[PDB]
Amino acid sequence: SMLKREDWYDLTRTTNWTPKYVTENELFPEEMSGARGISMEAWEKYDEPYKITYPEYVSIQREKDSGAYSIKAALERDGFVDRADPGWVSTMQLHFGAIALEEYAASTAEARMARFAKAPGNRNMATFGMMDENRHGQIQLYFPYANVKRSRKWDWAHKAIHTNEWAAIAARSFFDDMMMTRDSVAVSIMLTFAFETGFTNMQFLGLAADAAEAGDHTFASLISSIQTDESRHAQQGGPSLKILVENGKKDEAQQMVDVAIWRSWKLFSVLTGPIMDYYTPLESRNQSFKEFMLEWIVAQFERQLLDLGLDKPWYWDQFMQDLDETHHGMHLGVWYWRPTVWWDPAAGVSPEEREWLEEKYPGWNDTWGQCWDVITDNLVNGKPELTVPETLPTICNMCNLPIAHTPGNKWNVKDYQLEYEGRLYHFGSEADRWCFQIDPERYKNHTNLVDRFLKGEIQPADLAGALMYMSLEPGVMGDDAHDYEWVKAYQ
């Protein structure tokens, strides 16, 4: 006979001891542990709500891969990827390039807690965490791998993060700040609680739903599976915040959450927003990116924050108005600058799509439509060269993303500049500039693409130069997803 888990579980996490041959601080340096003066005994109250043991893990995860990998081998020769809507293919190429290696990196973020967390329970759960991201990283390499003979772009599922392409920098900017350069307790909150519990756990759910609607059951299977692993490690932030509030650290906690949520939002506004409101076919759109955030992300954050004893970030109101604009500009930028990315941006501004946009976002044509009007005319009038850039856009020094906002009949584009130690920084939002100010030492000497350009680090100092700089060459340089097909509806 075997025992019930509830009878011996506690013993797996009864691993703290009092060092004697080295001091506690040497064993757990604050810069890596972040105990913040909370005693070892107090961190021992840490109690993950979702428990699991090694044997259960290997058994469960063994069958998950068995399924995911079987699905793939079964639809392999069917070559669906060829009949797939270009808007979709671009979606995957973008996803794999920006996430594959970042997933693998997360493995290390987990490893940080696994070694430096004073909370024993946190340490073991993090070991499964590092195992979860090992899989996510490997499985998301194996899958897109099947398409490397279809386009050099798929090779970016592995190469992206190793390049200086602006979106890649933007990715590393976020991730490094949230999980690679933060102490253990910080990682549990910024990554696990804010990004995984707050964004990806439900994003991947919606992503899996969309994959299915597009007829892409291989990707749909991939995301669903990966998604089922999220809760197991995304749970690690909860208990940490409880401990910090339970003591004299409610403000420190609050500030990490505030930073993490906003930085997440931004990355989300360029990687997900553009995709569900422009790359997905009109007849497959269940709800807008805004409705998605109000229903599956925002409400949950307030709940999480309420039950935890924390408050809504100071920027909460602005953040919700932003749901009407940010991603629209972030989309216009990516498309208008297609040669600077490794996937083909779908314009998604057909007459029908435009009225859908107006329904979901009242006043769209009045503003965003304005720019698209000028762009459409030029494509119809045989002046496409006026739909591609001659300069670089202004990059936010925090989210390393373009500084854009409301245009048209309600022009409202702003720059939250700041002068710190003789240097002038640019910020795409109040929050972005604030994340810099609360901890200037952390971003002070970093430089975005535009800064590097202005310093002669990019040679030749022209557009062709910046392209070789961000490792882009004809073949992977992005263009219109449907080859400007949608333009015929205006001729």
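All residue numbers are counted from 1 along the displayed sequence.
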Taking only the CA atoms, which stretch has the higher mean B-factor in the record, 230 to 238 or 376 to 384? 376 to 384
Residue stretch of maximal mean CA temperature factor, 283 to 291 vs 87 to 95: 283 to 291
Take the CA temperature factors straight from the PDB entry and tell me which of 110, 132, 155, 322 peaks. 322
Among 264, 197, 140, 406 - the residue whose C-alpha B-factor is largest in the record: 406
Mind checking which third residue 338 falls in for C-alpha B-factor across the chain? middle
Chain third (lowest, middle, highest) by recorded CA B-factor, residue given as residue 439: highest
Residue 422: which third of its chain by C-alpha temperature factor? highest
Would you mind ranking residue 430 by its C-alpha B-factor against the rest of the chain and naming the third, lowest, middle or highest? middle
Among the modelled residues of its chain, does the C-alpha B-factor of residue 473 lie in the lowest, middle or highest third? highest
